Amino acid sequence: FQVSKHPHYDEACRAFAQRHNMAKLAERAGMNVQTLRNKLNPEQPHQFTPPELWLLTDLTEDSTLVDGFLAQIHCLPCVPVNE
């Protein structure tokens, strides 16, 4: 695995802020709304933690953050499995 040139995670972060209401999502996740914007802003040094990435993915049922996380290291998107 090698880190890519194209910012796949940065484009996944900007797109995640596009779809969801940041005020409502930050409240449900118990996050300061400005800190959530910063961790989604590739212009700011704030970054998500693994527990934060799972929580936001769980509440929204959207894999944008995780899929962009995987493409940066050339992994295909999450393929879930149940049972």
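Heads up: residue numbers just count along the shown sequence, starting at 1.
- The question of which stretch, 49-57 or 31-39, has the higher mean Cα B factor is settled in favour of 31-39.
- For the pair 74-82 and 1-9, the mean B factor over Cα atoms is greater in 1-9.
- Among the modelled residues of its chain, residue 15 has a C-alpha B-factor that falls in the middle third according to the deposited record.
- Ranked by Cα temperature factor within the chain, residue 25 sits in the middle third according to the deposited record.
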